[PDB]
Every structure is written in C-alpha cells, then in structure tokens.
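Below you'll find the structure, written out as structure tokens, and then a few comments.
So you know, we letter chains A, B, ... as the sequences are listed, proteins then strands, and number each from 1. These numbers come from the heavy atoms of this one structure, side chains and all, not from hydrogens, waters or symmetry mates.
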Amino acid sequence: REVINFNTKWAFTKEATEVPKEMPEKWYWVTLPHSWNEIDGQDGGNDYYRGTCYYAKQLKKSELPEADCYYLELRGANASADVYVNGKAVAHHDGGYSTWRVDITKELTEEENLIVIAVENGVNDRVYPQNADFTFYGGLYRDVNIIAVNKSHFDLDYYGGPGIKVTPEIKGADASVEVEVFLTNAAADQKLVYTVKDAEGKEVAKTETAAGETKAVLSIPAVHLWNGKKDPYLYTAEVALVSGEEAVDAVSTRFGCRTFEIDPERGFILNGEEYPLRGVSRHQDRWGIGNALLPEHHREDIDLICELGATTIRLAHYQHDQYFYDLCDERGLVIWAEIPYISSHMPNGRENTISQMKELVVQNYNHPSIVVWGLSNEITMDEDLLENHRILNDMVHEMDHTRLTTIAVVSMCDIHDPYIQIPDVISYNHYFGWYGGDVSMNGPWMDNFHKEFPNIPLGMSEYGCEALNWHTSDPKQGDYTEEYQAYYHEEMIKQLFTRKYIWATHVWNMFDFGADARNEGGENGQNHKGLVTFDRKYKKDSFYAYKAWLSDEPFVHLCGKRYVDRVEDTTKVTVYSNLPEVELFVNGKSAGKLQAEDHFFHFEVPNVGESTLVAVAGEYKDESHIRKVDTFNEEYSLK
Amino acid sequence: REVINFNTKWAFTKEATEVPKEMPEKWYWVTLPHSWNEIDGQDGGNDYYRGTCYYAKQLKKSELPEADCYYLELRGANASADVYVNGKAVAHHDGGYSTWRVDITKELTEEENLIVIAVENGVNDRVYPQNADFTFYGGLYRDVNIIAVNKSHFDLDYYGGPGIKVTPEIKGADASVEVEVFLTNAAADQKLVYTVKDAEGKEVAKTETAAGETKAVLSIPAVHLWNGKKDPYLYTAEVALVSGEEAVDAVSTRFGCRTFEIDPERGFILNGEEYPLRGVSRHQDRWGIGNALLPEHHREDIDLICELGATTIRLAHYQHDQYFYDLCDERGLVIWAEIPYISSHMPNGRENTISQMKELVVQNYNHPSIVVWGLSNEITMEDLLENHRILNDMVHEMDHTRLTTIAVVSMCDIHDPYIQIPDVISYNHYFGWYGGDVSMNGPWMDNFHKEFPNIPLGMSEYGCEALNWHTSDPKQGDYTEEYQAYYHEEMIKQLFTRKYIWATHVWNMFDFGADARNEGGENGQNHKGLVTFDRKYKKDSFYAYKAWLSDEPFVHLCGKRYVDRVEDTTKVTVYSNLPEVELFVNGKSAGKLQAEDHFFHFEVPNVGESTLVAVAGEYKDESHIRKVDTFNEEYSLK
Amino acid sequence: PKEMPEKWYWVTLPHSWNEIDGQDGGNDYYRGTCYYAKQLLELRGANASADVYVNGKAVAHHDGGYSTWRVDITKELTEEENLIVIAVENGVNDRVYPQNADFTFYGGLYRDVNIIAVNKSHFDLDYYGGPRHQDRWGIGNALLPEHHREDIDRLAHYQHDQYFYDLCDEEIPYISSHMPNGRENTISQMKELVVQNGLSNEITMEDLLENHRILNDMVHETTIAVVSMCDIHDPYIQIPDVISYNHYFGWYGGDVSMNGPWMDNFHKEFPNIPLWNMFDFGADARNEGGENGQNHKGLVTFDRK
Ligand SMILES: Cc1cc2nc3c(=O)[nH]c(=O)nc-3n(C[C@H](O)[C@H](O)[C@H](O)COP(=O)(O)O)c2cc1C
Ligand SMILES: Cc1cc2nc3c(=O)[nH]c(=O)nc-3n(C[C@H](O)[C@H](O)[C@H](O)COP(=O)(O)O)c2cc1C
Ligand SMILES: Cc1cc2nc3c(=O)[nH]c(=O)nc-3n(C[C@H](O)[C@H](O)[C@H](O)COP(=O)(O)O)c2cc1C
Ligand SMILES: [Ca+2]
Ligand SMILES: [Ca+2]
Ligand SMILES: [Ca+2]
C-alpha cells in the first residue's frame, strides 16, 4: 500500500462555467492546503465568497506505482464537493470536516487523466454548519492523496475510516486489546496477521486468523497506561492481509490504554485517579491562510497549549485534522470532539448530522485523547430537535461503548429543558462579565445547577472575554482592553479551578479566530476572545494567568508591557508566576515582595518619568517599562 | 436491449434519518410516478414539505434477464437525488426535470440488492428553480427503469441522452439525414447498421459502416416534410451494433424533416410558408396527483390543446416528459422548451443552468416539434449577462438547427443589455390583469417593434385569473369567468392581427399548482388557465380561442354557470367559427348576428326561467337563465 | 527630447522608415522605436504601437497600427510653441497583432496626422476613433490618395484607410499563430475596426476558441479565412456567421485540379455554412524568385506598371 501526496499545483478558479475538458491554462495555481476565503473571510462584512469553485489537476499513470486500485482520498473539502475523472462524476460528499475517498481505478482510461474537484460552501437548509460565529472557509484546505492498493485490501470505503478499530480493556495490571479490521474483496484463503508494538517499536503480542475472522484479542501484560500528561504512552496496532506468504495490504494505528469516569461530584477521573480537566478550545484556522493549515501550524498550536499547561482541549465546532488528534494523543491531552450541529436546528439538516457524526466516530475511535462526543453546540438559540438528539445519542452509544456523549448549552437555555437530560454529560457556555452581567455570577450559577441536578456531570464548555491592543487603568466590561480580559480570567480561574465538581472547563478560546460577520473591537472579521492572537505571535496577559495555575515550568511574567504611558502617579503592576514569592524593582530599587497563593501578584508602583520594571522570583526575571504622562494616550482607547 | 419497468411498490418516508440497511417494513407504499407534494403543494400557505425523502426497493437478480450491464434510469427526480445500491452511493444528480442514468452492475452482489433513492427539494442557492410561481413538487414523479444492455452498447452515460443524434438537412424535393451515434465499450471488429423507415415502417435508407465510423448520412428520396398540423410526418432512424452476424444492441428515434425561420416582420415561417404560432403554455401537473403524471394525462392535455387548435406550446418552465414532446412531434405542434432559470439570478447557480441546458438539448435534440430553446424567464424580476452569454454560446455550439429565446418580465426596460443576447425574445405582459388596462398590450408591442425592428418579438405570457365567480359588470379583480373572457377577446383582437409577433402563448392552458398563492377564493392554485386544474371544465375563454383557431365547426354559449341574473335585459356571448348565429329565448328569436371576430354579443330579455338556444347552420348550443330580485352572492367572491 | 531637434532627418507624412529595407529581402527591415518631433490630435495610421508626448508628458498610447485614434490635447498646449513627440514602435512581442504573417510591418506615421478644432460640446471624438494590400514599391505603406485610385482602377489583413473604403463605396490582423497574451489587442482592434467603419486569417497554422467567441459576441452585439490544411470539423469553424478557405493547390505542391473537388467535399459536409493577390506586395522575409523581398502571387507588379 502506497500513499501518494497529491497537493502540488492545482488549477483553481471561482468563475468557471463548466467542468473543463482540458487542463486549464489561465486559472490560478494553488498548492493544497488551500482555502479561497483566507483573506475575505477574516476581515469583516460577512461577505466572504460562498459558492462553487473548481480545482483541476492531471493524473499521469507514468507517475503512479503499479497497483490494482487507485483511490482519491480527501482529508477536508469544505463544505460539499463533487469529483470528476475525465469528465465523469464519481463522487459527491457533504461535510467539510471529514475524510472521504473514492475508487477511481475504472476512470483512469488515459495516460493523462483530468481530475476535477468542485467544492461549494453556499447557503442551504441541509448541510451543517449554516448559522455560527465562524467563517465557513471554502476549499481543499486539507491534504488530497492517492492510495494505491492491491485488489484485496483493508476497507477504504466505509465513511473515510482507517479500516482498523482498536478497543482496549484494562484488567488489573494487564490489558485486553480487541483489534477489528474491515476488508474489501478479500479471499477466504487469505490470512490476517495482528501485531501490537511497544513505544519503541518492539513487538509485544501477535496473533493470526483467516481473513473470514476479522477480529482478534491480543494480550498486553504489564500494560503502560495512557495516563494523560503524566505518561502519554502509546502502543501501535498493525494488521496485514496476507496471501500465501506475502503481505498484500497492511493498516496500522496507534492507541492508548486507559479508563476514565466523569463523576458528578469529583469531576474527571483518569485510570482511577482524579485528573482535573482545565483547558481551552481551539479553532483550526490561522491569520492569513484561512483554515489551510500545515503540520507545523498544528504543532505550534499544541506547543502553545502545552506551554499554558491545559489538560484538556475542546475541539470546537467540528472534526479537526487527524494530525492534530495524533498530537493530542502523543502529548497526553484529554479531548472533546464534536460535529457542527450548531446554533439553530435545521429540520432538513438531520441526515447530515447523522452522516457527520458517523464519520466523526468511525474516523476517530482509535484516538485515546478523546473521551466525549459532542452532539451539538447551543442548539436552542422542540420535538424535532429532541428526536435529532435521541437518534445521535443512541447511534453514538451504539457505535462506541467506551466514551460518553455531551452537549454545549447556550447561556440562556432553561436548566429544566428536556434535551439537557439526553446526553451522558453536559456543559454550559457562559459569558457573565462579558455579554452583560458580572464575572462573579459564574461560580454561583454553576453551584445552583449543581444543586438542582446533583447527578448530571456539569462542565464549562465556553467562557471568555474579548481583548485587543487597548489599555486602561480602569478596566471595564466592553473597553476591550488587555487589562479587563486579564481581570476576567483571574476571577474565572478563582471560581472555576476551585470547584472540583466542574468536570471540564474550556476557555473560549485559545486563539483569536476568523469570523467574517464580526465587526467590533477595532479589528473586524475576528473573534478576539483568544488568549493568543490570530497569528500566534502574541500571548496576551490572560495567557499567563492560566500558565501560572497549570504549568510546572517556572516563570515570572510582567503584565501590561504594552500599556506604557500612564497618567496616574501610582500605578498597578500585576505579575503572574507559579513561584511562591515575587519582588518588583523600579529603576533598580525594590518596591517590595509579595506572596500570592493564587499566583496573582498585584503591586502598586510609583510612576515618575520613565521607569524600568523588573520582577524577580528565585532565578527567574521579567522586564517592562512605563512612563508618566499628563493626559491619557488616546491610542490606548478604542473610542 | 431490454427496458424493465421499476415503478412498482417503493417504500417511502419523509423522515430522512439514515439510509436503511434492510428493506423497511413500516414506511408508506407508493408506485411511481409519485410526488409527496400532491396535496400539500396544491392548497395554499406556501407550506408544502420541502426536505429529503427516501425511496427503498429491492432489486432481485433472478427477475432480471441476463445481460452484461444494468443501468438505473431515472426520468425525473425533483429536485436533487442520491442513489445507493446496498448502502453504497453510486450517483448524485441536481435537476428535477431531466433524465440521468448510472451503471450499477458492479454493486449487484447480493441476490436481493437494496436500492435507496434519496430525493431532496429544499431551499438552497445553487439549484434552480428556487424562486417561481409554481410548486417544486418533490419526488420520483416520473418513471424509473432498469436498462439491461450488452458490454458494448450505445452510450447511456452522456447527460441522459438517447445515444443517437439525427440531423435532417433539406434541399429540393429530397432530404439528406445525418445520423450520429455514440458507443460505449465497442470493439473494432463490430459494425453499425443504420436504417431510415417510412411512416408505414418501410425501409427508405440503409447503409453499413464499422463501429469506428459513428456518423452516417442517409438520403430520403421525395421526402415528406414535417409540416406542423397540416402533415406531422415522422420518419424513424435506427442503428444496430452488430458483432459478426448478430445485432447485440440497437437504439432508435423518430425525427422530422423541416426548415423554419423566425422573420422579424413576417413572423414564424415553416418550410418556406408563413405558419403563425398562436397558442398556450402548459405546466406538467394535475389536481390531486401533483406532477406524478401518467401517459393518459399527457394525452388528455394535448387533446385539449388540439381541440382548442393551438399551433404552439410553450413548455414552461423546465424540461417536460419525453412522452409529451413525442406527442408534440406526432400532432405537429411547434414547441418552446426552456430550463428553470427563473425570477432571480443566483450567483452560485451558474453550474446548474449549464447542466440543465446540456441535458435539455442532448435529450431533446431529435424532437422536430422543438424550434427554440429558452435560456431564462423573468430573470431580472453583469454576472447575469455572462451567464446568458455562456448559455447562448453553448446552445448555438451544440445545436446549429434551432434559435435561442428568452421570456422577459413585464417592467423590464426594453433597452436592457440582456435582450440583445438571444436570437429572439418574448415578453410576459399582464396589462388588464396585474394593473393597467387590456388595451395597452398591442400598442406596447408596437413600440418594441418600432424600437427594435429586427429582433423577432413574441408574447411569452399573458393571462387573467378566473374561477366560478360571475357578474354582469366584468372588472379586473373580480376573478369572474366573464372578465377573463372579455380580456381574452381583446387580447386575441390585438395579438392575432399583428403578423410580426412571432409567437403568442396564453398563460396558461390549465390552472396549476402554486402553493404560495392565496387568492381568488381557492388557495394553492394559479387560476389563469383556460381549463380547470382537474381538466374537467373548459372556461368560456377556451372557446374564444377555439373560434379563431379550430376548423371543427361549433357554437358555444357563454355564461352557462351564470344562471341567476338581476337585470331585465342581459348580455349573452356566443363564440363560433361559423359566420352567423341566431339566438332564441324560450323559442323566440332574440336576434341574428354575423361577427367577423367570432365574438357574438347578444342582449336578451330575462323573464322567468328561460332556455337559450344558439344556432349556426346545423350546430347548436344550449343554456339556461333565471330572473331574480337580488344578486346571487354565491356568484360573488367578496 | 526637451527641445525641437536640429540634426534629425526631415520627413513629411505619410512616412514609413521601412519604404526600402522592407521591400528587398532578408527579413532585416529596421524594427524598433523611432521618434517624430514637431512644434505646434488625431492619428490615422501609427504602426504599430505609439506614445504621444506634449511638452514632455505622455497623453496617449495606442496598440494597433491600422486604425484611427485621437487624444484631447487642449490642456497640454500651454505655451505658444508646443513640442509634440510621437514614439512609434514596430518590434517583436507576444501581444500586438500582427506578429507572424507574410507582409512587412512597415513602421511609422504612414497615414495622415491632423489636428481637429472642435466646439466644446461636440460630436464625440474619444470612443475608439469613431466617426489587396495597402503598400506600393518605393514608399512602403506611405500611400497617397493618388495611389488608392490607381489601385481601385478582399482587404486583408487589417483595417485599410478610410478614403479607400470610399473608393469601394463609390478584418483585423489576427493572423497565423494564436497569441494568448494578444487577446486584448484583437478586442481593441476589433472595436476600432467596426466602430469607425473578418475575425482571423489562417489562425490554426480552447483559449483560441474563447478568443473567437469573445470577438463574435462583441461584434454581433462574421467570417474567418481558414488555412488550407485545417480540419473541416475543427470546432472554431462553427463560430462565425460564414467561412472561406485559402488554397494553393498546384503551387505549394500538388495539382490545380484538387481545388474544385476539394470545396465540393466541404459543401457536402456542412450544407448550412456558406463556403490573392491583386498586386505584388512587400514581404521582406521572402527570398524566392530571383527578386527577393516581394510576394509575387500578384497579377500586377509592385510598381503597378
Ligand atoms: C468505530 C467503528 C468503525 C467501523 N469501521 C468500519 C469499516 O471500516 N468498514 C465496515 O465495513 N464497517 C465498519 N464498522 C461497522 C459499522 O458500524 C456497521 O456497518 C453498522 O452495522 C452500520 O451502521 P452505521 O451506519 O451506524 O455505521 C465500524 C464500526 C465502528 C463502531
Ligand atoms: C445532441 C447531441 C447528443 C450528443 N450525444 C453524445 C453521446 O451520447 N455520447 C457522447 O460521448 N457525446 C455526445 N455528444 C457530444 C460530443 O460527442 C462531444 O463533443 C463530446 O463527446 C463531449 O464533449 P463535452 O465536453 O461537451 O461533454 C452529443 C452532442 C450533441 C449535440
Ligand atoms: C458604432 C458605435 C459608436 C459609438 N460611439 C460612441 C461615441 O462616440 N461616444 C460615446 O460616448 N459612446 C459611443 N458608443 C457607446 C455605446 O453605448 C457603447 O458601445 C456601450 O454601450 C458601452 O461602452 P463601453 O465599452 O465603454 O462600456 C458607440 C457605440 C457604437 C456601437
Ligand atoms: Ca470579509
Ligand atoms: Ca399548502
Ligand atoms: Ca530588407
């Protein structure tokens, strides 16, 4: 089995009449990943181009390895797509976030075969998402491959799945691992060789069956538990399809061995031990390239999230890339995965909810980082809606006996609504202190639901506050300053991180992200609730509030480095640190030492002329600068 | 080559959760043709179910004659459809009105294969129609067939087309007919036997070539031209694919030999002679069954149109059934066919205009009745202009034998750029119904013909609503049968007298389904027909046209449903294509009229209960009236 | 040049600098940018590309050496003595037709250059200059009225001069090899040709189709001349209103006889589409026949004697 990368140099256009019959010569050249909304869907106006665009590329047999079948594999085509080979339609897919594939062997009738993929992200009542606070970036924004396999091969046709399904059971110190496999055009005389490998590639179990027996149970004695950030230990499972003495096809996947519970009072439990889930959410886009993300972009996002110290990520609002989920498995992050069943129940969207959720579970069952499947987000923003949830919830329980269902509930929805009783666990999306109200309401709002429903495990799946490069010494809801967002998250941390019954918390959001309908805060087309800016270059102060509570990397961080000119004669200077004591020095002389148990060191500092600020904790330091002015620098003010 | 009927007993549901793995047991049974909008799309409130529906049926290999390939053929799935064979997707189609086919041989692996067809007619920005005055009836509303063929066979995969393209050219008393054919998996050592046959089935031309030479030009000595209603003569081309001495596949099509012009001053011309196109439009639906029309329904519609004597039908607003177009060929009607590029240009809609026009032309090229392809209807009600330049060039590229046209909304400025694109244009004017006055129509047409003396100008729509309301004082907006008849009397006098109007089309021949309509006292219908929705009642306006267009002699008494009348002396209209009519009231002559325009306007004493007899030669009609003190408010909508 | 030149060569329009070296062989006629300077605007013939400068400032540029173009100058005439400079260029590029053809691309202001004095409100001047070969031995394309009349006593491959159509009263140079970046020039020269008064010649010696479709739609809102060996079922033949072929059977090999027969076969094939040179003319690449520099498929000599 060979995987050919197929991303290089497609002809692209937005204004093409019909499927072209010859390779276009005046189209725009893109190399996938590509989204055509990389600029117009990150800048405001809710006007990013939505419509059908064409990608065209020639497939030459002289470059393909010799093989019985060739499959076109699409990792991401947002939102709907059709595939033509030498002009004939061979495939249609609805769902911008999952892998789908098609056997194109029969249509490769020429030495040069025109491969045309039409991709559409228009408005309709059928394909989720339609109503949501993010840009539906159109395009082939994930890899396109060609898969060359033998006539008998592991299934490439079942909902974009890998063709292998690993299910570990923990029994004391050992593990029982069921490995199931799915075959296309297999012969009764072929064998299946199942192997499990160690983190160092060392074989630790091996068994064989006839091809008609597509399950096997392998034992792993003295199992290394996947145990989160403490030890994200991963095994590999391999199954080869063997004709006589030779492997004609092989599939593999990594997996981790763990149990968990979501206890309504003790919160998240992992392998029998309490394992608090304190984290963030992440969209799969980035400034300048839309959602056309490279592997290094996925690695940077998770590096920054690891540096903050999050033990969980909510991967809203749709299926992310396989490489990002692998990264979570490798790094020990606990993951919430969901489908874009969002904001507003579309009666005609029901088929597509089913479809996307099947692809979500089938394609991601093997990732040990995932513990919950999310059915919908804020879906109540009614009987048909309830039936859609029953069906999704029973299908997920049908397909996956080892994970729990959840929803993300909109702030205002009555806690006695019937759909809250449907999934195994729930979380709420609250913005008290940002969309009105006050940051102190969150804690008690959660306590009151907990009182009403003591057996429903309750998390916080969204909470957050907007912040851009604006500054103040009087932080207030709606000035959009870095300082108010810092205060907000300090207060959420204090309320949320001390309530063990909150099973998972997810800052909305880890990064600023694309939302073309947003036109607020001084910079349009973006939600700026991030802890880090859209291009990943600037960690806002609120990022270090969380690092001070969740990371064991010793550091000391000076807040307000961008708020330089201050009117006040004595100015507040906040330091965040996971060390026990910080000393602040103003132009070289101590303004005192503090010991903040909640890691929030609030100093008061004379502001005369220009001053250099140095904060010192053990052997770690940070530096900033302020200066005294008579009038407020109107460049700090959004108004 | 065997075509098997596959309409029989599908399981059907409106709840589109998932494609069922096994044949269902508590869905609803339907035999195609079928639309789920047959009731909720004909009754008002714009609320008919739009969404995804499932059809499920078992295909059993034993019941299939043996063959190398099996194609599923769908004649109509409205609007967008996906086909599954044993849970595997094998085709997708957008376009409620055209034939599409898929090879499914490779998926017939069980002895009982589960066919599932998902059909969707919801709201989107991509598939036409989305904005129009008619119900987008969801479903498998035309035949589904299994087509079993030999490994080598005429093309079944190209835009649903027949596999055989027939172009007659004429010069002098003879005809020359090019027959082109398209093959799938043919082998070099195979032959093509082409034949042309008489109306009586006698061979008139024959020739053999090798499977590689897929075009042939056969000659018809002393050809009988297809000449409209006067002689709708059809030949039949057949081509067989032969392996050795054995025909392994054959296709065929009827065709007609005819030339025509659309002269900007002389109007329509057919085989050199002026041939005026005065007629009607026709929607493909019927009260009670939606668009799930049977062949008997197509036959009755065309009978009623022939009885009226139309020489043309505008088959709005989309591709019609092949069987209806065949009737049109057989009866010598001259057809306008069009795609549902309608009301409002969708920027995301370009691709679907292209696909529907390709299918329209590929599947209907052989129909001699068809003279014009319609690009759009009221589309203005720059991306638009490009969209029309693409359609216009593509049709002109595909069909060198027919002209392009459009239907222009009423208020559209006559200098607008898009009017310059097609070969010919027509307007939809409703002066005298949607405001205005009926006298405006002819002069408006005169202005355009002055302003643009060489763009052939037709009237693609005009009409007036009518239900079972009556009055002795017809006014626009009373929805009375009497006002509609007056409107049509005046439109005939204005339109039928202007030779330069190349085609007139009454909107509409029949009342039809429009679920957003909520007026005239019966919601869910456009009541502008000459004939009611169940085809059971000919409104009086039907006869005003018949008197001008039919050669069957008749006399028709208007107002039969207006019995109770208050006035001592009442107006009684007779339509007849005979020169002279005498009308009798209780056996007493109330007057003798000759009317050149066939509209016999009598006045009559109204006393007691009276019986009316209209007499022209040996032809009579009969009606009854009654004198009443007060108006019968049952005759009144308000 | 800032000042009116002193040592340049004086010429009086019409003028081409290829009057001699473009009629004598070797395909070496001077092709490049040349300058005309005058003290003091409409140009009837500036082959092939030109820039007008008034007191030192560009005021108009034109590509197309066969059609009229004007530029309002009223505001640049700022002194009593105004230096008008016209740079004319007939070089090689992939953009301005013609580039490949059997005739000399005689450079210069080979037709009149007038000044038009107009009332402010006026019949318009600025919409594309709107209201046999054109050369002779010894003077290139710098023909005088007398040379038109003597010729009168098919106007390929370009717009001829207004006065000559008048002697007809009383096609663009889209020729030989299709130039992808030449699309705009065929458009501009077609808009010009039709406004102030043939789509292609031998252009096959899909982007090409798109170019024809663009031209045909713009003029209609038509004909081509087809190279001999072209394929009668080529898609582009079904684009214009009518077509005509060019055949040299019996000269470029073969026999005179194949011609009659040949056009018959076409007519049978396409029953619905209706199916050189008067004088010798200048073709500097021609090095055949003992007299190099002329195509001698002419009935009359180059000097019309
Ligand atoms: C995680 C997972 C992966 C699966 N992968 C495959 C597969 O690759 N090929 C296959 O034929 N069946 C696969 N199955 C089996 C299907 O679930 C099975 O066809 C089921 O009966 C169909 O129901 P569904 O439409 O809800 O998936 C998989 C099941 C699960 C839970
Ligand atoms: C009326 C008509 C019917 C046609 N039927 C077929 C056909 O059945 N099979 C086919 O391959 N091409 C058919 N063609 C078109 C030509 O063969 C066409 O140039 C080519 O096959 C595909 O061109 P495309 O890119 O437009 O699809 C048909 C064309 C016309 C005008
Ligand atoms: C033969 C002809 C001559 C024209 N002459 C002029 C003109 O002299 N001045 C003018 O403003 N428009 C003139 N037009 C303007 C037309 O309106 C023009 O073709 C079109 O409407 C828009 O022009 P555009 O190319 O600038 O978009 C002329 C049009 C034609 C067909
Ligand atoms: Ca935008
Ligand atoms: Ca209704
Ligand atoms: Ca020379």
Show me, pair by pair, the donor and acceptor atoms from chain A and chain B that are under 3.5 Å apart.
| residue | atom | partner | partner atom | Å |
| --- | --- | --- | --- | --- |
| A:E18 | OE1 | B:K358 | NZ | 3.1 |
| A:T52 | N | B:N348 | OD1 | 3.1 |
| A:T52 | OG1 | B:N348 | OD1 | 3.1 |
| A:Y54 | OH | B:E351 | OE2 | 2.3 |
| A:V123 | N | B:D125 | OD2 | 2.8 |
| A:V123 | O | B:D125 | N | 3.2 |
| A:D125 | N | B:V123 | O | 3.2 |
| A:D125 | OD2 | B:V123 | N | 2.9 |
| A:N348 | ND2 | B:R50 | O | 3.0 |
| A:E351 | OE2 | B:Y54 | OH | 2.6 |
| A:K358 | NZ | B:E18 | OE1 | 2.6 |

(Q) Can you tell me which portion of A:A16 sits under 4.5 Å from chain B's heavy atoms? Options are side chain, backbone, both or neither. (A)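 Contact with chain B: backbone only.
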Q | A:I39 atom CD1: more than 12 heavy-atom contacts under 6.0 Å | A |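 Atom CD1 in A:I39 is not crowded, with 12 or fewer foreign heavy atoms closer than 6.0 Å.
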**Q.** Residue, of B:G122, B:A118, B:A89, B:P347, that accumulates the most heavy atom pairs under 4.5 Å with chain A
**A.**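 Top count of heavy-atom pairs under 4.5 Å with chain A: B:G122.
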Q. Based on non-hydrogen pairs under 4.5 Å, which of B:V123, B:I354, B:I390 is most in contact with chain A?
A.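 The candidate making the most pairs under 4.5 Å is B:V123.
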